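Dropping model-v5.txt in here (compact mmCIF, N, CA and C atoms):
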```txt
# COMPACT_ATOMS: atom_id res chain seq x y z
N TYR A 1 -12.84 -14.33 -2.16
CA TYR A 1 -13.26 -13.16 -2.99
C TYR A 1 -14.49 -12.48 -2.40
N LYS A 2 -14.29 -11.29 -1.82
CA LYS A 2 -15.38 -10.54 -1.22
C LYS A 2 -15.95 -9.51 -2.20
N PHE A 3 -15.08 -8.66 -2.73
CA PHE A 3 -15.49 -7.62 -3.67
C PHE A 3 -14.98 -7.92 -5.09
N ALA A 4 -15.47 -7.14 -6.05
CA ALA A 4 -15.07 -7.29 -7.45
C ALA A 4 -15.13 -5.94 -8.17
N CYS A 5 -14.11 -5.66 -8.98
CA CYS A 5 -14.06 -4.40 -9.72
C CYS A 5 -15.10 -4.36 -10.84
N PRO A 6 -15.81 -3.23 -10.99
CA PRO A 6 -16.83 -3.06 -12.02
C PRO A 6 -16.22 -2.85 -13.42
N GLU A 7 -14.94 -2.47 -13.46
CA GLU A 7 -14.24 -2.23 -14.72
C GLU A 7 -13.36 -3.42 -15.11
N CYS A 8 -12.55 -3.90 -14.16
CA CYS A 8 -11.65 -5.02 -14.41
C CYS A 8 -12.11 -6.28 -13.67
N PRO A 9 -11.46 -7.43 -13.96
CA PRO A 9 -11.80 -8.71 -13.35
C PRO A 9 -11.04 -9.01 -12.05
N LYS A 10 -10.59 -7.97 -11.33
CA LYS A 10 -9.88 -8.17 -10.08
C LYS A 10 -10.85 -8.41 -8.93
N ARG A 11 -10.40 -9.17 -7.94
CA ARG A 11 -11.21 -9.49 -6.77
C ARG A 11 -10.36 -9.39 -5.51
N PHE A 12 -10.93 -8.78 -4.47
CA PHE A 12 -10.21 -8.59 -3.21
C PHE A 12 -11.09 -8.94 -2.01
N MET A 13 -10.46 -9.46 -0.96
CA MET A 13 -11.18 -9.82 0.27
C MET A 13 -11.57 -8.57 1.06
N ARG A 14 -10.78 -7.50 0.91
CA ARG A 14 -11.04 -6.24 1.61
C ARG A 14 -11.74 -5.24 0.69
N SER A 15 -12.41 -4.26 1.29
CA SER A 15 -13.11 -3.24 0.53
C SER A 15 -12.22 -2.01 0.29
N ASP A 16 -11.51 -1.59 1.34
CA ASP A 16 -10.62 -0.43 1.25
C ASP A 16 -9.42 -0.73 0.36
N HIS A 17 -8.77 -1.87 0.60
CA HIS A 17 -7.61 -2.27 -0.19
C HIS A 17 -7.98 -2.41 -1.67
N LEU A 18 -9.14 -3.02 -1.93
CA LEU A 18 -9.62 -3.20 -3.29
C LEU A 18 -9.77 -1.86 -3.99
N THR A 19 -10.40 -0.91 -3.29
CA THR A 19 -10.61 0.42 -3.84
C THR A 19 -9.26 1.09 -4.11
N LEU A 20 -8.26 0.79 -3.27
CA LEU A 20 -6.92 1.35 -3.44
C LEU A 20 -6.38 0.99 -4.82
N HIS A 21 -6.75 -0.20 -5.29
CA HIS A 21 -6.35 -0.69 -6.60
C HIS A 21 -6.99 0.14 -7.70
N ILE A 22 -8.30 0.31 -7.58
CA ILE A 22 -9.07 1.04 -8.59
C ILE A 22 -8.65 2.51 -8.72
N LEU A 23 -7.73 2.96 -7.87
CA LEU A 23 -7.24 4.34 -7.94
C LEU A 23 -6.46 4.55 -9.25
N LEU A 24 -5.77 3.50 -9.72
CA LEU A 24 -5.00 3.59 -10.97
C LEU A 24 -5.91 3.56 -12.21
N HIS A 25 -7.14 3.06 -12.05
CA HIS A 25 -8.09 2.98 -13.17
C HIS A 25 -8.35 4.35 -13.80
N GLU A 26 -8.21 5.42 -13.01
CA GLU A 26 -8.43 6.78 -13.51
C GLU A 26 -7.68 7.02 -14.82
N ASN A 27 -6.46 6.50 -14.92
CA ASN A 27 -5.65 6.65 -16.13
C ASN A 27 -5.95 5.53 -17.12
N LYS A 28 -6.53 5.89 -18.26
CA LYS A 28 -6.87 4.92 -19.30
C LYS A 28 -5.93 5.04 -20.50
N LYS A 29 -5.79 3.94 -21.24
CA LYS A 29 -4.92 3.89 -22.42
C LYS A 29 -3.44 3.89 -22.02
```
Would you write out, as structure tokens, the structure that this file holds?
Amino acid sequence: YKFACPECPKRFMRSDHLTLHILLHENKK
């Protein structure tokens, strides 16, 4: 576990890939 999401409890070894995940965070509810 290198990085961690500030909104969710996800963790990724990469920085770019991790951010790719947080792209869906834009949509809430």
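Between atom CA of residue A:8 and atom CA of residue A:20 the separation is 13.5 Å.
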note - atom CA of residue A:1 and atom CA of residue A:29 are separated by 27.2 Å
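Of note, atom C of residue A:24 and atom CA of residue A:2 are spaced 20.2 Å apart.
DSSP annotation of chain A from backbone atoms: alpha helix (DSSP H) residues are residues 16, 17, 18, 19, 20 and 21 of chain A.
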ask   = Do you know which residues lie at most 8 Å from (-15.1, -5.3, -5.5), with coordinates as in the file and only N, CA and C atoms counted, and could you write them as number ranges by chain?
value = A: 1-6, 10-15, 18-19
Checklist line | chain A: residues DSSP assigns to strand (DSSP E or B), reported as a count of residues only | finding: 4
Need a file for stretch 4-28 of chain A from that block: N, CA and C atoms, written as a short mmCIF file (atom, residue, chain, number, x, y, z; two decimals), in the first residue's frame.
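Result file result_14.cif:
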```
data_model
loop_
_atom_site.label_atom_id
_atom_site.label_comp_id
_atom_site.auth_asym_id
_atom_site.auth_seq_id
_atom_site.Cartn_x
_atom_site.Cartn_y
_atom_site.Cartn_z
N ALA A 4 -3.31 6.26 -0.58
CA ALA A 4 -4.61 6.03 0.04
C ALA A 4 -5.59 7.15 -0.33
N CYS A 5 -6.83 6.78 -0.65
CA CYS A 5 -7.85 7.75 -1.02
C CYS A 5 -8.30 8.58 0.18
N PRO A 6 -8.42 9.91 0.01
CA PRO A 6 -8.86 10.81 1.08
C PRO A 6 -10.36 10.70 1.36
N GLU A 7 -11.11 10.15 0.40
CA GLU A 7 -12.56 10.00 0.54
C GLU A 7 -12.94 8.57 0.94
N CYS A 8 -12.39 7.59 0.22
CA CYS A 8 -12.68 6.18 0.50
C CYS A 8 -11.47 5.47 1.11
N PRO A 9 -11.67 4.22 1.57
CA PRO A 9 -10.62 3.42 2.19
C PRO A 9 -9.81 2.56 1.21
N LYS A 10 -9.74 2.97 -0.06
CA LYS A 10 -8.97 2.22 -1.06
C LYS A 10 -7.49 2.57 -0.97
N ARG A 11 -6.65 1.61 -1.33
CA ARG A 11 -5.20 1.78 -1.30
C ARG A 11 -4.58 1.17 -2.56
N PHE A 12 -3.64 1.89 -3.15
CA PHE A 12 -2.99 1.43 -4.38
C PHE A 12 -1.48 1.63 -4.32
N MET A 13 -0.74 0.72 -4.95
CA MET A 13 0.72 0.80 -4.99
C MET A 13 1.19 1.91 -5.94
N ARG A 14 0.37 2.21 -6.96
CA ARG A 14 0.69 3.25 -7.93
C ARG A 14 -0.05 4.54 -7.61
N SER A 15 0.47 5.65 -8.12
CA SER A 15 -0.14 6.96 -7.90
C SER A 15 -1.12 7.31 -9.02
N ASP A 16 -0.71 7.06 -10.26
CA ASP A 16 -1.55 7.35 -11.43
C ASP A 16 -2.77 6.43 -11.46
N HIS A 17 -2.53 5.12 -11.30
CA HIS A 17 -3.61 4.14 -11.31
C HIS A 17 -4.62 4.43 -10.21
N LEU A 18 -4.11 4.76 -9.02
CA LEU A 18 -4.96 5.08 -7.88
C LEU A 18 -5.87 6.25 -8.20
N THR A 19 -5.28 7.30 -8.78
CA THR A 19 -6.04 8.49 -9.14
C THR A 19 -7.09 8.14 -10.19
N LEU A 20 -6.78 7.17 -11.06
CA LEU A 20 -7.72 6.73 -12.09
C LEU A 20 -9.01 6.24 -11.43
N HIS A 21 -8.87 5.64 -10.25
CA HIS A 21 -10.00 5.14 -9.48
C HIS A 21 -10.85 6.29 -8.99
N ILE A 22 -10.20 7.27 -8.39
CA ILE A 22 -10.88 8.43 -7.81
C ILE A 22 -11.63 9.26 -8.86
N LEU A 23 -11.50 8.91 -10.14
CA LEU A 23 -12.21 9.62 -11.20
C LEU A 23 -13.72 9.40 -11.07
N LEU A 24 -14.12 8.21 -10.59
CA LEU A 24 -15.54 7.90 -10.41
C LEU A 24 -16.14 8.59 -9.18
N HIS A 25 -15.28 9.02 -8.24
CA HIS A 25 -15.73 9.69 -7.03
C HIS A 25 -16.55 10.95 -7.34
N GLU A 26 -16.28 11.58 -8.49
CA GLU A 26 -17.00 12.79 -8.89
C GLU A 26 -18.51 12.62 -8.75
N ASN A 27 -19.01 11.43 -9.11
CA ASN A 27 -20.44 11.14 -9.01
C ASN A 27 -20.78 10.59 -7.63
N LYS A 28 -21.57 11.36 -6.87
CA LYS A 28 -21.97 10.96 -5.53
C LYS A 28 -23.45 10.55 -5.50
#
```
